[PDB]
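Have a look at work_12.txt below; it lists compact mmCIF, N, CA and C atoms.
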```txt
# COMPACT_ATOMS: atom_id res chain seq x y z
N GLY A 1 -5.95 22.57 0.14
CA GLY A 1 -5.92 23.92 0.67
C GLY A 1 -6.58 24.92 -0.26
N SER A 2 -7.88 24.75 -0.48
CA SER A 2 -8.63 25.64 -1.35
C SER A 2 -10.13 25.45 -1.16
N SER A 3 -10.78 26.46 -0.59
CA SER A 3 -12.22 26.40 -0.35
C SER A 3 -12.97 26.01 -1.62
N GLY A 4 -13.46 24.78 -1.66
CA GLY A 4 -14.19 24.30 -2.82
C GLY A 4 -15.60 23.85 -2.47
N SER A 5 -16.52 24.80 -2.40
CA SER A 5 -17.91 24.49 -2.07
C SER A 5 -18.47 23.42 -3.01
N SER A 6 -18.32 23.65 -4.31
CA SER A 6 -18.81 22.71 -5.31
C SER A 6 -18.20 23.00 -6.67
N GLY A 7 -17.98 21.94 -7.45
CA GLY A 7 -17.40 22.11 -8.78
C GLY A 7 -18.31 21.59 -9.87
N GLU A 8 -17.75 20.79 -10.78
CA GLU A 8 -18.51 20.23 -11.88
C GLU A 8 -18.37 18.71 -11.93
N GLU A 9 -19.27 18.06 -12.66
CA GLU A 9 -19.25 16.61 -12.78
C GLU A 9 -18.41 16.18 -13.98
N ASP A 10 -17.28 16.83 -14.17
CA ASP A 10 -16.38 16.52 -15.28
C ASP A 10 -15.11 15.85 -14.78
N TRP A 11 -14.54 14.98 -15.61
CA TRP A 11 -13.32 14.27 -15.26
C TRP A 11 -12.63 13.71 -16.50
N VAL A 12 -11.42 14.19 -16.77
CA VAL A 12 -10.66 13.73 -17.92
C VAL A 12 -9.98 12.40 -17.64
N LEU A 13 -9.72 12.13 -16.36
CA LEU A 13 -9.07 10.89 -15.96
C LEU A 13 -9.69 9.69 -16.66
N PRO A 14 -11.03 9.59 -16.58
CA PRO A 14 -11.77 8.49 -17.20
C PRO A 14 -11.78 8.59 -18.72
N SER A 15 -11.91 9.81 -19.23
CA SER A 15 -11.93 10.04 -20.67
C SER A 15 -10.68 9.47 -21.33
N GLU A 16 -9.58 9.45 -20.59
CA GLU A 16 -8.32 8.93 -21.11
C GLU A 16 -8.22 7.43 -20.88
N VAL A 17 -8.77 6.96 -19.76
CA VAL A 17 -8.74 5.55 -19.42
C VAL A 17 -9.52 4.72 -20.44
N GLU A 18 -10.75 5.15 -20.73
CA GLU A 18 -11.60 4.45 -21.68
C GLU A 18 -10.82 4.10 -22.95
N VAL A 19 -9.86 4.95 -23.30
CA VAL A 19 -9.04 4.74 -24.48
C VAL A 19 -7.90 3.77 -24.19
N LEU A 20 -7.20 4.00 -23.09
CA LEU A 20 -6.08 3.15 -22.69
C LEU A 20 -6.53 1.70 -22.53
N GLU A 21 -7.72 1.51 -21.96
CA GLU A 21 -8.27 0.18 -21.75
C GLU A 21 -8.37 -0.58 -23.07
N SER A 22 -8.47 0.16 -24.17
CA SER A 22 -8.57 -0.45 -25.49
C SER A 22 -7.19 -0.76 -26.06
N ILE A 23 -6.22 0.09 -25.74
CA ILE A 23 -4.86 -0.10 -26.22
C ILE A 23 -4.09 -1.07 -25.32
N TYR A 24 -3.97 -0.71 -24.05
CA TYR A 24 -3.26 -1.55 -23.09
C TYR A 24 -4.23 -2.46 -22.34
N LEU A 25 -5.32 -2.82 -23.00
CA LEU A 25 -6.33 -3.69 -22.40
C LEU A 25 -5.69 -4.68 -21.43
N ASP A 26 -4.60 -5.30 -21.86
CA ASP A 26 -3.89 -6.27 -21.03
C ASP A 26 -2.56 -5.70 -20.55
N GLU A 27 -1.84 -5.03 -21.46
CA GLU A 27 -0.55 -4.44 -21.12
C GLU A 27 -0.65 -3.60 -19.85
N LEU A 28 -1.86 -3.15 -19.54
CA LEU A 28 -2.09 -2.34 -18.35
C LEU A 28 -3.43 -2.68 -17.70
N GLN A 29 -3.49 -2.56 -16.38
CA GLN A 29 -4.72 -2.85 -15.65
C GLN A 29 -5.22 -1.62 -14.91
N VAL A 30 -6.53 -1.39 -14.97
CA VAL A 30 -7.14 -0.24 -14.30
C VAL A 30 -8.06 -0.69 -13.18
N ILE A 31 -8.10 0.09 -12.10
CA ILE A 31 -8.94 -0.22 -10.96
C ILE A 31 -9.78 0.99 -10.54
N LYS A 32 -11.05 0.74 -10.24
CA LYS A 32 -11.96 1.81 -9.83
C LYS A 32 -12.14 1.81 -8.31
N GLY A 33 -12.64 2.92 -7.79
CA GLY A 33 -12.86 3.04 -6.36
C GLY A 33 -14.28 3.42 -6.01
N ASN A 34 -14.50 3.80 -4.75
CA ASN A 34 -15.83 4.19 -4.30
C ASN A 34 -15.74 5.16 -3.12
N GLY A 35 -16.72 6.04 -3.01
CA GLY A 35 -16.73 7.01 -1.92
C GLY A 35 -16.37 8.41 -2.39
N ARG A 36 -15.71 9.17 -1.52
CA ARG A 36 -15.32 10.53 -1.84
C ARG A 36 -14.06 10.54 -2.71
N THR A 37 -12.97 10.02 -2.17
CA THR A 37 -11.70 9.96 -2.89
C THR A 37 -11.84 9.15 -4.18
N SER A 38 -12.51 8.01 -4.08
CA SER A 38 -12.71 7.14 -5.24
C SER A 38 -11.49 7.18 -6.16
N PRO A 39 -10.31 6.93 -5.59
CA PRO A 39 -9.05 6.93 -6.35
C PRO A 39 -8.95 5.75 -7.30
N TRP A 40 -8.52 6.03 -8.53
CA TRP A 40 -8.38 4.99 -9.54
C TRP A 40 -6.94 4.48 -9.61
N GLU A 41 -6.74 3.23 -9.22
CA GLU A 41 -5.41 2.63 -9.24
C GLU A 41 -5.17 1.88 -10.55
N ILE A 42 -4.04 2.18 -11.19
CA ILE A 42 -3.69 1.54 -12.45
C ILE A 42 -2.28 0.97 -12.40
N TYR A 43 -2.09 -0.18 -13.04
CA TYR A 43 -0.78 -0.83 -13.07
C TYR A 43 -0.36 -1.15 -14.50
N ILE A 44 0.94 -1.31 -14.70
CA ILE A 44 1.47 -1.63 -16.03
C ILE A 44 2.95 -1.99 -15.95
N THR A 45 3.34 -2.99 -16.73
CA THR A 45 4.73 -3.44 -16.75
C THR A 45 5.39 -3.11 -18.09
N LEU A 46 6.24 -2.10 -18.09
CA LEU A 46 6.94 -1.68 -19.30
C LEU A 46 8.19 -2.53 -19.53
N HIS A 47 8.69 -2.52 -20.76
CA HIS A 47 9.88 -3.29 -21.10
C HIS A 47 10.72 -2.54 -22.14
N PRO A 48 12.05 -2.69 -22.05
CA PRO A 48 12.99 -2.05 -22.97
C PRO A 48 12.92 -2.64 -24.37
N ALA A 49 13.43 -1.90 -25.35
CA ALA A 49 13.43 -2.35 -26.73
C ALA A 49 14.64 -3.24 -27.02
N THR A 50 15.14 -3.90 -25.98
CA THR A 50 16.29 -4.78 -26.12
C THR A 50 15.98 -5.95 -27.04
N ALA A 51 17.03 -6.54 -27.62
CA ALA A 51 16.87 -7.67 -28.52
C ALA A 51 16.37 -8.90 -27.77
N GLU A 52 17.16 -9.36 -26.80
CA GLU A 52 16.80 -10.53 -26.01
C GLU A 52 15.30 -10.55 -25.73
N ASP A 53 14.70 -9.37 -25.62
CA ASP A 53 13.27 -9.26 -25.36
C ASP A 53 12.48 -10.24 -26.21
N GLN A 54 12.82 -10.30 -27.50
CA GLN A 54 12.14 -11.20 -28.43
C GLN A 54 11.73 -12.49 -27.73
N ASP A 55 12.57 -12.95 -26.81
CA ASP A 55 12.29 -14.18 -26.07
C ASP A 55 11.74 -13.87 -24.68
N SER A 56 12.57 -13.24 -23.85
CA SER A 56 12.17 -12.89 -22.49
C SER A 56 12.70 -11.51 -22.11
N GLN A 57 12.12 -10.93 -21.06
CA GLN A 57 12.53 -9.61 -20.60
C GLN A 57 13.06 -9.68 -19.17
N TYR A 58 14.37 -9.82 -19.04
CA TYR A 58 15.01 -9.90 -17.73
C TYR A 58 14.58 -8.73 -16.84
N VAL A 59 14.71 -7.52 -17.37
CA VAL A 59 14.34 -6.32 -16.63
C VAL A 59 12.88 -5.95 -16.88
N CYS A 60 12.17 -5.63 -15.80
CA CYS A 60 10.76 -5.26 -15.90
C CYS A 60 10.27 -4.62 -14.61
N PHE A 61 9.43 -3.60 -14.74
CA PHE A 61 8.90 -2.90 -13.58
C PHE A 61 7.42 -2.56 -13.78
N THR A 62 6.60 -2.91 -12.79
CA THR A 62 5.17 -2.65 -12.86
C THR A 62 4.85 -1.21 -12.46
N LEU A 63 5.01 -0.29 -13.41
CA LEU A 63 4.74 1.12 -13.16
C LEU A 63 3.36 1.30 -12.53
N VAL A 64 3.34 1.70 -11.27
CA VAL A 64 2.09 1.92 -10.56
C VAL A 64 1.64 3.37 -10.67
N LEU A 65 0.38 3.57 -11.05
CA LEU A 65 -0.18 4.91 -11.20
C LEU A 65 -1.47 5.05 -10.40
N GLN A 66 -1.38 5.73 -9.26
CA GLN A 66 -2.55 5.94 -8.41
C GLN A 66 -3.15 7.32 -8.64
N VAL A 67 -4.28 7.36 -9.35
CA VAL A 67 -4.95 8.62 -9.64
C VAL A 67 -5.94 8.98 -8.54
N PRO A 68 -5.60 10.02 -7.76
CA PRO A 68 -6.45 10.49 -6.66
C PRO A 68 -7.73 11.15 -7.15
N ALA A 69 -8.44 11.81 -6.24
CA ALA A 69 -9.68 12.49 -6.59
C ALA A 69 -9.41 13.85 -7.22
N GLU A 70 -8.33 14.50 -6.79
CA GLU A 70 -7.97 15.80 -7.32
C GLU A 70 -7.58 15.71 -8.79
N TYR A 71 -6.84 14.66 -9.14
CA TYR A 71 -6.41 14.45 -10.51
C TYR A 71 -7.43 14.99 -11.50
N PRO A 72 -6.94 15.59 -12.59
CA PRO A 72 -5.50 15.72 -12.84
C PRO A 72 -4.83 16.71 -11.88
N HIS A 73 -5.61 17.66 -11.38
CA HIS A 73 -5.10 18.66 -10.46
C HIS A 73 -3.95 18.09 -9.63
N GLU A 74 -4.09 16.84 -9.20
CA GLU A 74 -3.07 16.18 -8.40
C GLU A 74 -2.42 15.04 -9.17
N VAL A 75 -1.09 15.05 -9.23
CA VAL A 75 -0.35 14.01 -9.94
C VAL A 75 -0.58 12.64 -9.30
N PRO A 76 -0.64 11.60 -10.14
CA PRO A 76 -0.84 10.22 -9.69
C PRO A 76 0.36 9.67 -8.94
N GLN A 77 0.11 9.06 -7.79
CA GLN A 77 1.18 8.49 -6.97
C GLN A 77 1.97 7.45 -7.77
N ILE A 78 3.19 7.82 -8.16
CA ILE A 78 4.05 6.93 -8.92
C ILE A 78 4.92 6.09 -8.00
N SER A 79 4.92 4.78 -8.22
CA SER A 79 5.71 3.86 -7.41
C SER A 79 6.11 2.63 -8.21
N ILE A 80 7.36 2.21 -8.05
CA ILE A 80 7.87 1.04 -8.76
C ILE A 80 7.55 -0.25 -8.00
N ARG A 81 6.84 -1.16 -8.66
CA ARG A 81 6.47 -2.43 -8.05
C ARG A 81 7.13 -3.59 -8.77
N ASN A 82 7.70 -4.51 -8.00
CA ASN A 82 8.38 -5.68 -8.57
C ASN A 82 9.51 -5.25 -9.50
N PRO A 83 10.40 -4.39 -9.00
CA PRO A 83 11.54 -3.88 -9.77
C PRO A 83 12.59 -4.96 -10.02
N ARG A 84 12.66 -5.43 -11.26
CA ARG A 84 13.62 -6.47 -11.63
C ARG A 84 14.82 -5.86 -12.35
N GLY A 85 16.01 -6.29 -11.96
CA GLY A 85 17.22 -5.78 -12.58
C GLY A 85 17.61 -4.41 -12.04
N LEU A 86 16.63 -3.53 -11.91
CA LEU A 86 16.88 -2.18 -11.40
C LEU A 86 17.23 -2.20 -9.92
N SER A 87 18.00 -1.22 -9.48
CA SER A 87 18.41 -1.13 -8.09
C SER A 87 17.81 0.10 -7.42
N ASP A 88 17.79 0.10 -6.09
CA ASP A 88 17.23 1.22 -5.33
C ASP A 88 17.62 2.55 -5.97
N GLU A 89 18.88 2.66 -6.37
CA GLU A 89 19.38 3.89 -6.99
C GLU A 89 18.65 4.17 -8.30
N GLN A 90 18.75 3.24 -9.24
CA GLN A 90 18.10 3.38 -10.53
C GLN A 90 16.62 3.68 -10.37
N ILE A 91 15.93 2.85 -9.59
CA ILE A 91 14.50 3.03 -9.35
C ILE A 91 14.19 4.46 -8.91
N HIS A 92 14.95 4.95 -7.94
CA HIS A 92 14.76 6.30 -7.43
C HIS A 92 14.64 7.30 -8.57
N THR A 93 15.57 7.23 -9.51
CA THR A 93 15.57 8.13 -10.66
C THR A 93 14.28 8.00 -11.46
N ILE A 94 13.95 6.78 -11.85
CA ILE A 94 12.73 6.52 -12.62
C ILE A 94 11.55 7.29 -12.04
N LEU A 95 11.36 7.19 -10.73
CA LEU A 95 10.27 7.88 -10.06
C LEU A 95 10.38 9.39 -10.25
N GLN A 96 11.47 9.97 -9.75
CA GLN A 96 11.69 11.41 -9.87
C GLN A 96 11.31 11.91 -11.26
N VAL A 97 11.87 11.27 -12.28
CA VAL A 97 11.59 11.65 -13.66
C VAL A 97 10.10 11.54 -13.97
N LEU A 98 9.58 10.32 -13.92
CA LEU A 98 8.17 10.08 -14.20
C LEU A 98 7.30 11.15 -13.53
N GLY A 99 7.62 11.48 -12.29
CA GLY A 99 6.86 12.48 -11.57
C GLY A 99 6.92 13.84 -12.23
N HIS A 100 8.12 14.27 -12.60
CA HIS A 100 8.30 15.56 -13.25
C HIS A 100 7.32 15.74 -14.40
N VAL A 101 7.19 14.70 -15.22
CA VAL A 101 6.28 14.74 -16.36
C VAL A 101 4.87 15.10 -15.93
N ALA A 102 4.41 14.47 -14.85
CA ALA A 102 3.07 14.71 -14.33
C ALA A 102 2.91 16.17 -13.91
N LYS A 103 3.71 16.60 -12.94
CA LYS A 103 3.66 17.97 -12.46
C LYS A 103 3.60 18.96 -13.62
N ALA A 104 4.37 18.68 -14.67
CA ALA A 104 4.40 19.54 -15.84
C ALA A 104 3.13 19.41 -16.66
N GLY A 105 2.49 18.24 -16.57
CA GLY A 105 1.27 18.01 -17.31
C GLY A 105 0.05 17.97 -16.41
N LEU A 106 0.02 18.85 -15.41
CA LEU A 106 -1.09 18.92 -14.48
C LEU A 106 -2.33 19.51 -15.15
N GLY A 107 -3.50 19.14 -14.65
CA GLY A 107 -4.74 19.64 -15.21
C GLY A 107 -5.18 18.88 -16.44
N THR A 108 -4.20 18.42 -17.22
CA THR A 108 -4.49 17.67 -18.44
C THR A 108 -4.02 16.23 -18.32
N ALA A 109 -4.51 15.37 -19.21
CA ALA A 109 -4.14 13.96 -19.21
C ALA A 109 -2.62 13.79 -19.15
N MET A 110 -2.16 12.90 -18.29
CA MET A 110 -0.73 12.64 -18.14
C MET A 110 -0.45 11.14 -18.09
N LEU A 111 -1.33 10.40 -17.43
CA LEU A 111 -1.18 8.95 -17.31
C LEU A 111 -0.52 8.37 -18.56
N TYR A 112 -1.25 8.40 -19.67
CA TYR A 112 -0.73 7.88 -20.93
C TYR A 112 0.74 8.24 -21.11
N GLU A 113 1.05 9.52 -20.99
CA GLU A 113 2.42 9.99 -21.14
C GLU A 113 3.33 9.35 -20.10
N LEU A 114 3.04 9.61 -18.83
CA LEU A 114 3.83 9.06 -17.73
C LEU A 114 4.32 7.65 -18.07
N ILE A 115 3.44 6.85 -18.65
CA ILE A 115 3.78 5.48 -19.03
C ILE A 115 4.89 5.46 -20.07
N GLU A 116 4.71 6.22 -21.14
CA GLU A 116 5.70 6.29 -22.21
C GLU A 116 7.10 6.52 -21.64
N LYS A 117 7.24 7.58 -20.86
CA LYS A 117 8.53 7.92 -20.25
C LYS A 117 9.20 6.67 -19.67
N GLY A 118 8.47 5.96 -18.82
CA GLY A 118 9.01 4.76 -18.21
C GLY A 118 9.78 3.90 -19.20
N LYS A 119 9.19 3.69 -20.38
CA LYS A 119 9.82 2.89 -21.42
C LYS A 119 11.19 3.45 -21.78
N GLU A 120 11.22 4.72 -22.18
CA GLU A 120 12.47 5.37 -22.56
C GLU A 120 13.50 5.26 -21.44
N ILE A 121 13.15 5.78 -20.27
CA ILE A 121 14.04 5.74 -19.12
C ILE A 121 14.81 4.43 -19.06
N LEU A 122 14.07 3.33 -18.94
CA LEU A 122 14.68 2.00 -18.87
C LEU A 122 15.62 1.78 -20.05
N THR A 123 15.11 1.99 -21.26
CA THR A 123 15.90 1.81 -22.47
C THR A 123 17.34 2.25 -22.25
N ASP A 124 17.52 3.34 -21.52
CA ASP A 124 18.85 3.87 -21.23
C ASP A 124 19.56 3.02 -20.18
N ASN A 125 18.93 2.88 -19.02
CA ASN A 125 19.50 2.09 -17.94
C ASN A 125 18.99 0.65 -17.98
N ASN A 126 19.02 0.06 -19.17
CA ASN A 126 18.56 -1.31 -19.35
C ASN A 126 19.50 -2.29 -18.66
N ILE A 127 20.80 -2.15 -18.92
CA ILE A 127 21.80 -3.02 -18.33
C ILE A 127 21.77 -2.93 -16.81
N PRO A 128 21.88 -4.09 -16.14
CA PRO A 128 21.86 -4.18 -14.68
C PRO A 128 23.13 -3.60 -14.06
N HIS A 129 23.03 -3.17 -12.80
CA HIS A 129 24.16 -2.59 -12.10
C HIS A 129 25.31 -3.60 -12.00
N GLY A 130 26.50 -3.18 -12.42
CA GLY A 130 27.65 -4.06 -12.37
C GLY A 130 28.57 -3.75 -11.21
N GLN A 131 29.76 -3.24 -11.51
CA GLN A 131 30.73 -2.90 -10.48
C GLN A 131 30.14 -1.89 -9.49
N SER A 132 30.40 -2.11 -8.20
CA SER A 132 29.90 -1.22 -7.16
C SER A 132 30.64 0.11 -7.18
N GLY A 133 29.88 1.19 -7.40
CA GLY A 133 30.48 2.51 -7.44
C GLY A 133 30.23 3.22 -8.75
N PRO A 134 29.68 4.44 -8.68
CA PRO A 134 29.38 5.25 -9.86
C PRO A 134 30.64 5.75 -10.56
N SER A 135 30.90 5.22 -11.75
CA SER A 135 32.08 5.61 -12.52
C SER A 135 32.25 7.12 -12.52
N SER A 136 31.16 7.83 -12.81
CA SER A 136 31.19 9.29 -12.86
C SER A 136 30.90 9.88 -11.48
N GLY A 137 31.58 10.97 -11.15
CA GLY A 137 31.37 11.61 -9.86
C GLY A 137 32.54 12.49 -9.46
```
As structure tokens - that is how I would like this structure written.
Amino acid sequence: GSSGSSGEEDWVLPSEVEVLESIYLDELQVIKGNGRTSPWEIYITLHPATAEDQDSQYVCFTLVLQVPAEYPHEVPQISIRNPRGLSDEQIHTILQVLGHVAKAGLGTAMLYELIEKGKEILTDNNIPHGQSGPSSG
């Protein structure tokens, strides 16, 4: 909703990716597009700083980051893929939070950050849902 006859050939989205590809070369995967939207889809599976991790990571979620054409102007579509251990409830929170970070970091690089948050979030709700019913309420 903004008359945009023409802008500039600048994009920070890629400027940040070129770096991430070096750090999370494998820890994260990036995808390119074509056409007008040419949305860049990126995936990554974060894990808690739990001890057992040393061997295996029971809980894990492939943080999906879909960077549209507007980006950064437009926050990347955040979605939890292959949510292990986490429940519909927990997952819901992860998204809401992760999203907040983006909206707050609009116009500027956020992807990198958005990812970090995911790690922390889980760290807290690492343990799987036990007894049915929220203790607090």
Quick one: residues within 6.5 Å of segment 93-100 of chain A, only N, CA and C atoms, excluding same-chain residues fewer than 2 positions away - as number ranges by chain? A: 78-79, 88-91, 102-105, 114, 117-118
Those in segment 8-133 of chain A with strand (DSSP E or B) from DSSP, as a list in words: residues 28, 29, 30, 31, 40, 41, 42, 43, 44, 45, 46, 60, 61, 62, 63, 64, 65, 66, 67, 77, 78, 79, 80, 81, 82, 83 and 84 of chain A
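What separates atom CA of residue 111 of chain A from atom N of residue 5 of chain A is a distance of 26.6 Å.
Among A:33, A:1, A:68, A:85, the residue with the shortest atom-to-atom distance to residue 129 of chain A, counting all atoms listed in the file, is A:85.
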In the coordinates of the file, take the point (13.3, -1.0, -22.5) and a cut-off of 6 Å; then, counting all atoms listed in the file, name each qualifying protein, DNA or RNA residue as a PDB file with N, CA and C atoms, in the frame of the given file.
```
ATOM      1  N   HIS A  47       8.690  -2.520 -20.760  1.00  0.00           N
ATOM      2  CA  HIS A  47       9.880  -3.290 -21.100  1.00  0.00           C
ATOM      3  C   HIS A  47      10.720  -2.540 -22.140  1.00  0.00           C
ATOM      4  N   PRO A  48      12.050  -2.690 -22.050  1.00  0.00           N
ATOM      5  CA  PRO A  48      12.990  -2.050 -22.970  1.00  0.00           C
ATOM      6  C   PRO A  48      12.920  -2.640 -24.370  1.00  0.00           C
ATOM      7  N   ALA A  49      13.430  -1.900 -25.350  1.00  0.00           N
ATOM      8  CA  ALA A  49      13.430  -2.350 -26.730  1.00  0.00           C
ATOM      9  C   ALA A  49      14.640  -3.240 -27.020  1.00  0.00           C
ATOM     10  N   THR A  50      15.140  -3.900 -25.980  1.00  0.00           N
ATOM     11  CA  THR A  50      16.290  -4.780 -26.120  1.00  0.00           C
ATOM     12  C   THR A  50      15.980  -5.950 -27.040  1.00  0.00           C
ATOM     13  N   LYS A 119       9.190   3.690 -20.380  1.00  0.00           N
ATOM     14  CA  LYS A 119       9.820   2.890 -21.420  1.00  0.00           C
ATOM     15  C   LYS A 119      11.190   3.450 -21.780  1.00  0.00           C
ATOM     16  N   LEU A 122      14.070   3.330 -18.940  1.00  0.00           N
ATOM     17  CA  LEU A 122      14.680   2.000 -18.870  1.00  0.00           C
ATOM     18  C   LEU A 122      15.620   1.780 -20.050  1.00  0.00           C
ATOM     19  N   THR A 123      15.110   1.990 -21.260  1.00  0.00           N
ATOM     20  CA  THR A 123      15.900   1.810 -22.470  1.00  0.00           C
ATOM     21  C   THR A 123      17.340   2.250 -22.250  1.00  0.00           C
TER      22      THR A 123
END
```
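The nearest approach to residue 86 of chain A among the residues A:15, A:38, A:108, A:125, with only N, CA and C atoms taken into account, belongs to A:125.
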Could you pull out the helix (DSSP H, G or I) residues of chain A, going by DSSP on the backbone, and write them as a PyMOL selection string? chain A and resi 12-23+52-54+88-104+111-124
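Closest approach to residue 110 of chain A among A:16, A:21, A:70, A:55 is made by A:16 (distances from all atoms listed in the file).
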Just the residues within 7 Å of residue 71 of chain A, please, counting all atoms listed in the file, with nothing from its chain fewer than 4 positions along; format it as a compact mmCIF listing (two decimals) with N, CA and C atoms, keeping the file's coordinate frame.
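Contents of the output file around-v9.txt:
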```txt
# COMPACT_ATOMS: atom_id res chain seq x y z
N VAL A 12 -11.42 14.19 -16.77
CA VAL A 12 -10.66 13.73 -17.92
C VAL A 12 -9.98 12.40 -17.64
N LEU A 13 -9.72 12.13 -16.36
CA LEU A 13 -9.07 10.89 -15.96
C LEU A 13 -9.69 9.69 -16.66
N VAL A 67 -4.28 7.36 -9.35
CA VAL A 67 -4.95 8.62 -9.64
C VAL A 67 -5.94 8.98 -8.54
N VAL A 75 -1.09 15.05 -9.23
CA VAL A 75 -0.35 14.01 -9.94
C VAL A 75 -0.58 12.64 -9.30
N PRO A 76 -0.64 11.60 -10.14
CA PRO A 76 -0.84 10.22 -9.69
C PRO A 76 0.36 9.67 -8.94
N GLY A 107 -3.50 19.14 -14.65
CA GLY A 107 -4.74 19.64 -15.21
C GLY A 107 -5.18 18.88 -16.44
```
What does the distance from atom N of residue 130 of chain A to atom C of residue 84 of chain A come to in Å, to one decimal? 12.0 Å
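Atom N of residue 53 of chain A to atom C of residue 26 of chain A spans 18.4 Å [interatomic distance, one decimal].
Using only N, CA and C atoms, the nearest neighbour of residue 41 of chain A within the list A:25, A:64, A:127, A:17 is A:64.
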Around segment 24-29 of chain A, with edges along x, y and z and 8 Å added on all six sides, what centre and edge lengths do you get, in Å to one decimal, as AutoDock Vina command-line options?
```
--center_x -3.4 --center_y -3.5 --center_z -19.5 --size_x 21.8 --size_y 21.6 --size_z 25.1
```
I want to know what sits within 8 Å of residue 28 of chain A, based on only N, CA and C atoms, with residues of the same chain fewer than 4 positions away left out; could you give that as a ChimeraX atom specification? /A:20-21,23-24,42-45
Return the single residue from A:128, A:120, A:72, A:81 that is closest to residue 10 of chain A, with distances computed using only C-alpha atoms. A:72
